[PDB]
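Student: Line by line, the protein sequences are chains C, B, A, D, E and G.
Mapping of the first sequence onto the deposited numbering: residues 112 to 364, 369 to 437, in sequence order.
Mapping of the second sequence onto the deposited numbering: residues 112 to 364, 369 to 437, in sequence order.
Mapping of the third sequence onto the deposited numbering: residues 116 to 364, 369 to 433, in sequence order.
Mapping of the fourth sequence onto the deposited numbering: residues 112 to 364, 369 to 437, in sequence order.
Mapping of the fifth sequence onto the deposited numbering: residues 126 to 364, 369 to 433, in sequence order.
Mapping of the sixth sequence onto the deposited numbering: residues 1 to 12, 18 to 25, in sequence order.
One structure coming up, written as structure tokens, with questions to follow.
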Amino acid sequence: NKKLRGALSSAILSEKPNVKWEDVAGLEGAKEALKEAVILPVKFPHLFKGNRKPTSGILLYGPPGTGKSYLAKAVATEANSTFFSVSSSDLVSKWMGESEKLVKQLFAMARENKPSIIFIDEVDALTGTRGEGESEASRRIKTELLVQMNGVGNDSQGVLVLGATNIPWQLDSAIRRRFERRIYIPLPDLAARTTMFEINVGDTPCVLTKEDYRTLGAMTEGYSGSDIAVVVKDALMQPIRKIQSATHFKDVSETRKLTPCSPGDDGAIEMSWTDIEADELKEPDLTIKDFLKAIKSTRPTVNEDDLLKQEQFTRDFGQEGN
Amino acid sequence: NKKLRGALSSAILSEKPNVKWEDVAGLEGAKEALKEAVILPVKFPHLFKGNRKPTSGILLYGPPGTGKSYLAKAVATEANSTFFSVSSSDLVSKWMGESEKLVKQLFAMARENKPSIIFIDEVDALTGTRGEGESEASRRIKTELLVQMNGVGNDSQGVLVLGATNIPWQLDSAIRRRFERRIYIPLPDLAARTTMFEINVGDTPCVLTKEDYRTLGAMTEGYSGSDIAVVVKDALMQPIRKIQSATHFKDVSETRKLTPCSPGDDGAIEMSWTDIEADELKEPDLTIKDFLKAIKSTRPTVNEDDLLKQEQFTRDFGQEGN
Amino acid sequence: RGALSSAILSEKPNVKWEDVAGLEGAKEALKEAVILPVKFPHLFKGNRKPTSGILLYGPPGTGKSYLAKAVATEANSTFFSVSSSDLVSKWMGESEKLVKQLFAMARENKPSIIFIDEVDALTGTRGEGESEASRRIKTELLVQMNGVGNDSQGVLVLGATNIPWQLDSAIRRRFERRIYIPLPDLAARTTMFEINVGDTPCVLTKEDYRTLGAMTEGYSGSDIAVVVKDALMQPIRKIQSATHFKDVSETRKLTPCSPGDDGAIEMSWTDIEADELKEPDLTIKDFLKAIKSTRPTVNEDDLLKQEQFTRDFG
Amino acid sequence: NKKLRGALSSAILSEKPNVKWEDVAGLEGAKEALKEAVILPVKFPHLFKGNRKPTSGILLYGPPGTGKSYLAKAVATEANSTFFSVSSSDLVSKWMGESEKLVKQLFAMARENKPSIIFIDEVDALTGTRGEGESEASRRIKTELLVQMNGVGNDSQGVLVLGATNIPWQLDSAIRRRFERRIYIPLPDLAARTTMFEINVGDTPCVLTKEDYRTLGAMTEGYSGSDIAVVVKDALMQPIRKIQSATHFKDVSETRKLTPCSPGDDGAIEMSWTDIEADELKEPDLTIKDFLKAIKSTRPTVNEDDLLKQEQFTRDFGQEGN
Amino acid sequence: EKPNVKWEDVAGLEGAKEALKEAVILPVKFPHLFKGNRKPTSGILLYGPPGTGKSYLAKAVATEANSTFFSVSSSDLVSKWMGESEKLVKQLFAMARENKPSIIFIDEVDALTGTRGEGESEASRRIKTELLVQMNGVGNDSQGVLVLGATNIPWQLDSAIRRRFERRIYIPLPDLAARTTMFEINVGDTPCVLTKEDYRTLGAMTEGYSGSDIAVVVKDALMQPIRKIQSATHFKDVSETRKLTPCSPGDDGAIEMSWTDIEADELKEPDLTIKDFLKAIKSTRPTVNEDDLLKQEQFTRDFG
Amino acid sequence: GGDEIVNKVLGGXXXXXXXX
Ligand SMILES: Nc1ncnc2c1ncn2[C@@H]1O[C@H](COP(=O)(O)OP(=O)(O)O)[C@@H](O)[C@H]1O
Ligand SMILES: Nc1ncnc2c1ncn2[C@@H]1O[C@H](COP(=O)(O)OP(=O)(O)O)[C@@H](O)[C@H]1O
Ligand SMILES: Nc1ncnc2c1ncn2[C@@H]1O[C@H](COP(=O)(O)OP(=O)(O)O)[C@@H](O)[C@H]1O
Ligand SMILES: Nc1ncnc2c1ncn2[C@@H]1O[C@H](COP(=O)(O)OP(=O)(O)O)[C@@H](O)[C@H]1O
Ligand SMILES: Nc1ncnc2c1ncn2[C@@H]1O[C@H](COP(=O)(O)OP(=O)(O)O)[C@@H](O)[C@H]1O
Ligand code: BEF
Ligand code: BEF
Ligand code: BEF
Ligand SMILES: [Mg+2]
Ligand SMILES: [Mg+2]
Ligand SMILES: [Mg+2]
Ligand SMILES: [Mg+2]
């Protein structure tokens with residue numbers, strides 16, 4: 112009992128990753144559902160009494176790289192609860208009949224520290240429809256999860272089981288019954304892409320305007336959030352490449372801030388950037404040409420049949436999460 | 112020898128979940144079989160004398176989320192006897208021989224505290240037809256389960272072995288021989304769905320009538336009991352979204372019982388609901404539109420192939436549970 | 116040591132030889148093997164040696180443990196009903212010491228008889244199983260089943276197995292007598308219904324028992340027992356359907376009748392005290408309803424695998 | 112704890128194999144990307160402050176024998192950081208639930224020694240798109256990798272997951288999303304062939320010139336770097352074959372610098388190389404004939420349809436290394 | 126593990142013999158040569174039809190190199206546990222680099238893997254990739270350790286494995302002088318009346334056979350005199370203190386008896402002749418197919 | 001000896022009882 116608790120004490124994250132609700136762009140239905148099921152019972156507990164009960168499990172599914180773990184980070188930031196983040200390495204053990212007591216002690220600690228939120232990333236690994244998997248450990252861990260979620264002699268009140276998987280049709284039917292709200296996280300639209308561009312650029316000194324952001328959001332068709340993050344990263348990395356290829360420097364304006376230009380200009384001090392010491396550099400401003408170069412350089416990730424399978428699972432057993 | 116009983120004493124629940132026979136919507140044959148299994152041998156002991164013996168095992172099976180754990184809770188509430196709620200985490204041990212000594216001590220405690228009820232949820236985890244699974248755990252646990260169920264020198268008289276599983280065809284043939292009552296719990300019909308809506312709505316002030324509940328039960332075609340519970344939960348949470356995403360409140364009829376309405380009325384005061392303190396709260400009552408929106412949002416979970424597998428199992432070795 | 120005080124039973128469950136319906140060859144083989152070395156001890160000496168190993172197999176729920184209970188009743192001998200729970204320990208070496216002291220106590224308590232239910236729990240065919248708790252226990256049972264010269268007088272090992280093809284070939288060859296327990300035939304079905312009804316009052320005749328046994332096509336003993344249990348429980352359900360009670364004849372013995380009769384006292388059933396409820400009698404319709412309700416618990420794959428096993432090792 | 116660290120301590124290499132950036136021919140874009148992503152956060156950490164972050168994973172794919180592991184050796188040489196060289200035999204274990212703990216301990220050991228590089232060679236052997244492979248190994252190892260790369264409560268800052276594969280189209284979509292830069296390593300051109308010849312000739316005495324190397328690089332079109340290395344080794348072993356397969360010898364000119376000759380010359384002494392002692396052997400000089408004989412002797416290994424599949428994957432989700 | 130087969134005990138295979146001879150003898154005898162860019166061969170593939178002296182040549186290199194040897198097979202590096210059939214290869218290369226320089230002999234490399242096409246994908250990919258990383262890798266620095274691979278089917282290998290193997294040497298069918306030399310080394314020190322022209326006619330007759338076939342027909346021709354000694358009656362006392374020799378039933382003093390009453394060290398064993406070898410070659414049939422030679426021709430044609 | 005602890009392995018299960 113105490114050894115399992117000492118092994119599971121490294122699962123409660125005490126880092127609190129600073130991702131707020133305004134950092135996530137789009138996904139209004141998932142935002143509203145997570146907002147009620149996290150904020151409302153711990154802020155206004157007098158409403159949920161009698162016939163009204165909060166949501167006991169939310170499943171987030173979709174294509175890879177859409178913001179499921181980002182929404183989980185936002186929940187862990189704005190939850191003000193003991194956020195439990197487990198995976199398939201904290202529950203599975205080597206001994207016989209010791210992987211089930213781990214899940215039992217995990218849910219016991221979650222009930223002892225209520226209100227608590229359990230986030231199981233990649234639930235598809237633990238639950239495999241119990242058809243032909245490895246019998247003892249697989250079927251026992253599936254039945255132990257099914258017992259500890261609702262069961263008979265448990266009465267899980269106050270806890271929340273968040274799921275985040277990329278392939279949801281490999282989930283067990285009883286586990287899909289336990290996840291009472293299947294929220295589909297789709298590829299973002301134009302306003303969400305423009306908001307992600309404005310968030311990822313942020314406080315960087317740049318000459319980009321609303322029309323430039325609108326043209327970028329219209330240009331990145333079919334892209335995802337990680338693709339937008341890496342094209343913003345490449346567009347931010349490109350001024351350092353211009354500083355690397357910066358023959359014929361030009362000191363413009369305070370305390371000798373050097374700036375590259377065309378070869379041969381006013382004050383064309385032809386040197387390199389190696390001998391220039393720090394705390395005096397001036398990087399060039401960001402234009403739309405660097406972002407167009409990053410868009411032409413970096414390709415999208417997801418294809419157009421996995422989206423068909425996700426839409427098929429949504430129209431079969433899920434709801435639209437905007 | 113006493114540490115085994117100290118570990119097994121945590122399987123006897125004492126919380127008594129208040130689920131009565133009127134809470135269960137439908138399943139009259141299963142309720143009558145459970146009544147003649149548990150209520151009769153304690154209330155009328157002068158009938159089961161001689162060659163007349165009570166039932167010594169009942170297997171509840173069906174689609175996921177139909178009410179097997181709910182009938183187990185109702186039996187634990189209205190049984191007035193000792194209720195054993197064990198699983199795969201309370202029988203499998205790390206050592207050698209303890210995995211069978213725990214089952215032997217469990218059945219010894221059940222025979223010492225007669226009349227007692229053993230409820231094993233998800234019996235398919237322990238009984239895996241002993242053809243390909245793990246040799247030690249599978250063979251020893253299954254043979255000890257058979258010996259403790261009937262055996263030769265045990266004489267299990269007065270105990271009841273309840274079992275609830277979603278996969279009845281993956282049971283061992285000897286275990287299926289032991290379970291002398293195969294009761295199929297199906298998806299609820301129209302009258303069961305209407306009574307389940309009447310139970311789950313409760314004493315919430317609504318404008319719904321019996322014809323409205325009948326149209327709701329006719330609308331939910333193929334839903335399960337958990338699906339009815341979550342559409343009731345969504346329709347009950349709908350006035351919270353109505354009082355959240357609306358302005359221009361209006362005092363109706369009482370210390371300012373203000374209610375959201377259309378923008379522009381006799382006193383459409385534009386303010387926020389967060390500034391409104393408690394007990395001056397007049398939320399809008401439930402209608403059929405909120406339940407129609409909950410039906411349109413939430414999708415059924417159970418497919419139409421597992422129903423064919425359960426139908427094949429009924430026509431092979433099963434009764435009907437109405 | 117003293118932990119083997121639960122392997123022997125002192126209850127002696129009253130199951131006589133007449134209660135076991137059918138199984139005449141297995142019954143007479145067990146009868147001679149448990150009686151004739153005690154009846155005529157001069158008959159077994161030297162060449163004409165008694166049976167030292169009896170194995171029973173077949174479909175699940177056919178009467179193997181029932182025949183073991185009948186042997187323990189009508190044997191007048193020390194019954195060692197032990198399984199794999201009292202043979203394996205947490206330590207090393209004690210799993211062999213348990214079998215050693217078990218056979219020592221069985222030899223000290225001669226004449227005795229050892230019944231191992233579900234012998235396949237000890238024979239995992241040692242593919243990649245647990246070494247110290249499988250292979251050493253199997254070799255210890257093999258060298259303690261070497262009493263063809265040691266235990267000529269004394270112990271006798273039994274065996275009941277639902278799945279006998281997953282058995283170790285060494286102990287299969289050591290078990291010299293392997294009797295196949297089949298599904299019961301029509302005469303065994305009729306006398307099993309007669310035994311399971313017993314002293315309960317009924318209107319069922321020999322033709323009714325014969326057509327019941329003809330209706331039960333492919334049923335087993337436990338299925339016949341639960342059909343008899345359902346037919347016994349049906350008059351309690353008819354009393355529970357309480358409508359228009361009617362007194363018959369001593370000291371107000373009530374009985375429910377059809378709605379609308381002579382003297383139909385419309386009342387409840389729980390308001391009346393005990394020992395004055397004349398219950399209805401067993402017809403054939405409640406038996407037919409129990410037949411339509413209860414399904415056969417055996418399939419065809421187990422039957423063809425049993426046929427393959429008996430045609431391979433008959 | 113101690114067992115996992117004692118097993119994973121052997122994955123760290125401290126031998127530092129001396130392969131400089133000049134020892135690799137061509138691959139300018141891959142050289143620039145690896146150069147910035149390994150050099151710039153170590154050399155100038157003040158350039159990446161806040162909004163700008165370095166690359167957190169680079170995939171090096173292409174045909175087999177193109178210099179992927181050689182480029183990884185160059186990074187391990189001039190990285191000046193901790194290098195983790197893991198493979199399939201160091202992560203996959205025999206016990207149940209041991210490989211995931213090994214991956215977690217590997218990333219936890221790499222996070223304690225920031226900055227660190229993890230070179231998972233042959234990622235195709237550990238990623239099999241989670242479609243039909245082995246359930247336990249596939250799902251649990253890939254799930255632990257996907258959680259341990261970025262996750263929620265990990266914060267992988269200062270690590271780099273270098274991956275080198277030959278069949279990148281058989282990788283998971285989530286893993287392709289994890290690897291940010293998928294750099295194509297194509298077949299070398301004429302300039303890279305001449306540069307490989309100029310760095311593979313070394314400092315051995317030869318009469319080959321710049322136009323000789325240009326004609327050789329024109330003749331070895333359709334080959335790869337391993338083929339250029341083996342024809343260089345074969346042309347280097349051809350004078351030793353001329354040493355061994357010769358009977359008539361000749362002593363020309369300092370302290371018996373003896374060489375083979377034709378049968379019949381000035382001092383055609385017939386002896387053996389076993390009779391030839393040390394510090395008196397002179398090898399024949401190199402020419403274009405030995406290199407042409409080696410080129411005609413060894414056949415290429417790369418086919419012509421997997422190049423089309425690599426070009427298809429490059430046009431789909433790939434960069435250009437050049 | 127040390128055999129006793131020198132260079133002269135192998136008949137034929139001149140190119141493979143000289144290639145292995147230089148590649149395993151030139152560094153260990155002349156250390157003043159391999160300096161700078163001169164590196165020895167770090168892989169040799171010996172393919173061809175089965176039974177053509179591949180393991181015999183491997184034992185010859187194991188003898189004449191005077192270095193440590195490792196003669197594992199395909200079944201030794203295949204386990205049933207998950208992830209245990211690669212730690213064996215890692216420990217193999219670790220104990221090879223512990224006793225450098227060393228020679229590693231791996232038999233049936235086509236049967237070690239399954240070219241990751243249709244078989245077990247997890248085990249096949251992990252075995253193949255761990256073999257490749259242990260062959261070159263990054264921090265594995267294999268210098269002095271020679272990987273000597275032999276196989277019977279070379280066209281079912283991987284492109285990366287055939288890239289890792291530097292010299293793909295083909296072992297062809299034996300020739301006339303190779304067959305006569307194999308007969309001369311297989312007949313041994315038995316008393317024989319055979320001549321060089323008899324060996325030449327025998328080798329002209331057995332064209333298309335293999336080395337194992339030549340070995341078993343020599344064993345048959347050596348066992349046929351002691352077979353005809355036992356399976357005969359009506360012996361004959363020829364000439369010196371009861372020298373008995375079998376003959377036809379009915380001759381000049383055909384003594385009908387068995388071999389039990391014949392005294393020891395006086396039974397005249399008949400010398401083996403040409404007709405025993407003719408009976409052996411007329412009984413024994415060739416084993417190889419015809420399309421495998423076309424596959425070897427194609428494999429040499431694009432990987433010569 | 002001491003106690004005997006049951007462990008679990010992987011195939012492609019069993020009980021490799023690694024005691025203390
Ligand atoms: N919907 C989104 N809103 C805001 N940022 C997003 C969104 N989707 C992706 N991103 C950005 O891209 C990154 C990728 O999202 P992440 O949480 O890693 O997704 P995943 O659940 O696939 O692991 C985020 O950390 C964030 O920086
Ligand atoms: N037949 C039913 N009658 C009443 N409530 C039901 C019924 N089926 C489901 N429910 C409701 O939905 C929940 C899910 O049923 P539950 O007992 O958990 O089923 P299971 O045995 O599949 O786990 C119940 O706890 C109850 O709140
Ligand atoms: N020959 C029989 N005579 C009477 N009842 C029988 C017979 N065979 C089976 N039964 C019934 O079926 C049950 C099966 O026998 P039991 O000893 O409980 O188990 P098993 O046959 O599986 O060892 C008996 O207890 C009895 O109720
Ligand atoms: N561009 C190059 N420059 C120098 N050497 C190269 C180059 N490309 C390939 N090689 C040589 O080819 C061999 C193959 O290298 P490696 O990256 O291990 O191939 P792979 O990883 O595809 O098996 C190396 O030994 C290396 O010396
Ligand atoms: N070319 C050869 N020279 C000498 N002996 C040979 C030759 N070919 C076959 N043999 C003999 O045949 C026997 C069987 O050969 P074997 O080693 O099984 O072939 P492989 O190595 O192809 O498996 C060996 O003992 C060997 O002595
Ligand atoms: F959708 Be992410 F890759 F979890
Ligand atoms: F999900 Be339930 F137990 F059918
Ligand atoms: F055939 Be029984 F279940 F022993
Ligand atoms: Mg995620
Ligand atoms: Mg249930
Ligand atoms: Mg039995
Ligand atoms: Mg490589």
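Every residue, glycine too, gets a C-beta built ideally from N, C-alpha and C.
1) Got a sec: is the Cβ-Cβ distance from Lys-253 (chain D) to anything in chain G below 8 Å?
2) Which residues, taken in chain order from the region 264-286 of chain E, show a beta carbon closer than 8 Å to some beta carbon of chain D?
3) Going by DSSP, name the residue or residues bridged to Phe-230 (chain C).
4) Leaving out five residues before and five after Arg-250 (chain A) in sequence, what residues of the same chain have Cβ atoms less than 6 Å from its Cβ?
5) Below 8 Å on the Cβ atoms is my contact criterion, and I expect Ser-196 (chain E) with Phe-159 (chain E) to pass it. Report the Cβ-Cβ distance as a whole number of Å.
6) I need the DSSP call for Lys-131 (chain B), collapsed to helix, strand or coil.
7) Nearest by alpha-carbon distance to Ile-339 (chain A): which of A:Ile-310, A:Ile-150, A:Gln-349 is it?
8) Between the beta-carbon of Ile-296 (chain A) and the beta-carbon of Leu-171 (chain A), is there less than 8 Å?
9) Please list, in chain order, the chain G residues whose beta carbon lies closer than 8 Å to that of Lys-205 (chain E).
10) Determine whether the Cβ of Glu-385 (chain A) lies closer than 8 Å to any Cβ atom of chain B.
11) What first and last residue would you give for the alpha helix (DSSP H) that runs through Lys-179 (chain D)?
12) Considering only heavy atoms of ligand 1, list every residue whose Cβ is less than 5 Å from one of them, following chain order.
13) Any Cβ of chain D within less than 8 Å of the Cβ of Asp-431 (chain E)?
14) Near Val-272 (chain D), which residues of its chain fall below 6 Å by C-beta distance, leaving aside the five closest residues on each side in sequence?
15) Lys-361 (chain B) lies in the beta strand (DSSP E); which residues open and close that run?
16) Please classify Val-318 (chain C) as buried or exposed, where buried requires at least 16 neighbouring CB atoms within 10 angstroms.
17) Please check the pair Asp-323 (chain B) and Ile-403 (chain B), which I expect to be a contact at CB under 8 Å, by giving their CB distance rounded to whole angstroms.
18) Which residues of the region 236-251 of chain A have a Cβ closer than 8 Å to any Cβ of chain G? Give them in chain order.
19) DSSP on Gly-168 (chain A), reduced to helix/strand/coil?
20) Should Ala-275 (chain B) be counted as a contact of ligand 10 given a C-beta to heavy atom distance under 7 Å?
Tutor: Taking the geometry as given:
1) no
2) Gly-264, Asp-266, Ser-284, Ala-285: these are the residues of the region 264-286 of chain E whose beta carbon lies less than 8 Å from some beta carbon of chain D, given in chain order.
3) C:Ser-196, C:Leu-273
4) Answer for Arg-250 (chain A): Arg-241, listed in chain order.
5) For a cut-off of 8 Å, the C-beta gap from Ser-196 (chain E) to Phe-159 (chain E) is around 26 Å, too long to register as a contact.
6) coil
7) A:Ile-310
8) yes
9) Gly-11, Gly-12
10) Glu-385 (chain A) does not count as touching chain B.
11) Its alpha helix (DSSP H) spans residues 179-188.
12) Listed along the chain, these residues meet the criterion: C:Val-135, C:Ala-136, C:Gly-176, C:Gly-178, C:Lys-179, C:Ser-180, C:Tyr-181, C:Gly-336, C:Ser-337, C:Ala-340.
13) yes
14) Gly-168, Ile-229
15) 360-362
16) exposed
17) 5 Å
18) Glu-243, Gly-244, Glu-245, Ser-246, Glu-247, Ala-248
19) Shown here, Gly-168 (chain A) sits in a strand according to DSSP, grouped into three states.
20) yes
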